[PDB]
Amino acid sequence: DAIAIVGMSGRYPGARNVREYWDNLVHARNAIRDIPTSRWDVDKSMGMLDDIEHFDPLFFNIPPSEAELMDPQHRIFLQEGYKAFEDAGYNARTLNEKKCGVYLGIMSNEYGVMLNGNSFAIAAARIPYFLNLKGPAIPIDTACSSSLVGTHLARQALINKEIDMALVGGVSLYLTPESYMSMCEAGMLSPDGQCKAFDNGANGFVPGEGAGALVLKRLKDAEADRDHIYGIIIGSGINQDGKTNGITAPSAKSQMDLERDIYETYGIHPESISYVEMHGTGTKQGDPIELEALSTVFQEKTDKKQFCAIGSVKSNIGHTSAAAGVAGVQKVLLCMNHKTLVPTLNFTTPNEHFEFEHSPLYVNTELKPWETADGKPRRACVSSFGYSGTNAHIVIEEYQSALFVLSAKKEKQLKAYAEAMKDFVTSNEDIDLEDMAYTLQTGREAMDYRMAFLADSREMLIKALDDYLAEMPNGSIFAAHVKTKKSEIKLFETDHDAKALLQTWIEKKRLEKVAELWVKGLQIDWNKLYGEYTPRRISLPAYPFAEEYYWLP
């Protein structure tokens, strides 16, 4: 049937994460910059990631020596990948031995070249190795479409019950000038440094850097396991251009067959589709072909006009390549979650080679509410098309006193988390405090350095985090390093009347005591904290990895 997306993480130009991403999208920010010479001398535009050299090897039991040898593409994805699980509320313990498939979009070995265990195959495998997953682990280079092709394959394997969970994602970095030479020599890029999407000034695209992940499961299982659900995937498909005028030329016929075959197969009526995140690289001849192809397929089922919005996040962040599909799928899910459409940039004059007026589609350039008729759930398409000629298209449909614990592998980070949660609670005025504390309990691995506290208000919660921060609270915050406190807890770990006493406090909602013990290292069955009403797992910020610098040895 359908495929629930139950977790996400992302890192794009000018977004450290999915949140910042969505803030930027709403404020129609353009993240393209000039290429500094820290990267390379231009003696010129790129959507860039900051601090690409940064990694927390120790967290992943990697020797810092080996980290210099790792493609940063591997390292960054390893991080976002991990965090995506944490977003969904999953941790290593829960993930151990899962039939979780990993499908990793990736199309460059630049860093391995500059070297004068870096296979794609290994890149994919890092995460299963780390968290002991058992689904297949596969890297997809279909160039531009890589992350959406992986999404399709993940969809198929879930449906066909070969796996029970999937992690899909993509990652692209542009580390060497050689890569741009390749693309400039082949007349692909814009001299303006812009993906002028749908515009009649469409020059070419501007390279983007990126890394993104999605956790996927079968919708049945997701509702059952009470995960939170960003959206669902109701149809996907892939195919080829075939013989086109040059290997990297697109094929309108392939786009139409693809799009048509999908809707037909999955009983989707183009009228139901209100937005479409286009491939839309801002490319001279590409743009109008994509447009016409889609428009036409829509027109085969419906006379209705100007009802489907269109947009491309490449206008915002450039061409994020292997990561393109996943960044687009994320855009859409976020628009859905906020019932809000947002601007596609760089559009003044419609492409001359397509007349919009009589089209089912319209460019949407305004921040506005995403309205739906009836009680009919929103639906949108994401497209991605490779310069190799392998295309992918999917259709998403919208879905429909507490005890706060944190931990980390090092004290420095535990603070950083704390700072993360504070900024998160600060910025989210309406948080369900039970939900949050439930997530921190059951949806995060209990690491060696801990802290905990009680609160029954957003206010009291924040002033707990503040207190912890410069450590000056009235007094009601517990904090321990687990390895110094083994003997303060052996009792509860072994004596059967002690075990029974704890289960009495837990059972008697005596949280100050439970919090004491938990920080010291005691394993707490968090379920005994809840009788009739159990809360829900939610999206919270994920592990704030050490920002340690690794590059060539």
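Sequential numbering from 1, following the sequence displayed.
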Original post:
None, 1 to 3, 4 to 9, or 10 or more: how many residues of the deposited sequence lack coordinates between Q400 and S401?
Top reply: 10 or more
Original post:
Comparing 214-222 with 460-468, which has the greater mean CA B-factor as deposited?
Top reply: 460-468
Original post:
Higher mean Cα B-factor in the deposited model: 54-62 or 481-489?
Top reply: 481-489
Original post:
In this PDB entry, which of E80, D71, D430, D164 has the top CA B-factor?
Top reply: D430
Subject >> Options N351, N239, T442, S147 - largest CA temperature factor per the record >> reply: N351
Original post:
Going by what the PDB entry lists, where does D87 fall on CA B-factor within its chain: lowest, middle or highest third?
Top reply: lowest
Subject >> For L25, the third of its chain into which the C-alpha B factor falls >> reply: highest
Original post:
Should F356 be placed in the lowest, middle or highest third of its chain by the C-alpha B factor in the entry?
Top reply: highest
Original post:
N118's Cα B-factor: lowest, middle or highest third of the chain?
Top reply: middle
Subject >> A125 - which third its CA temperature factor falls in, relative to the rest of the chain >> reply: lowest
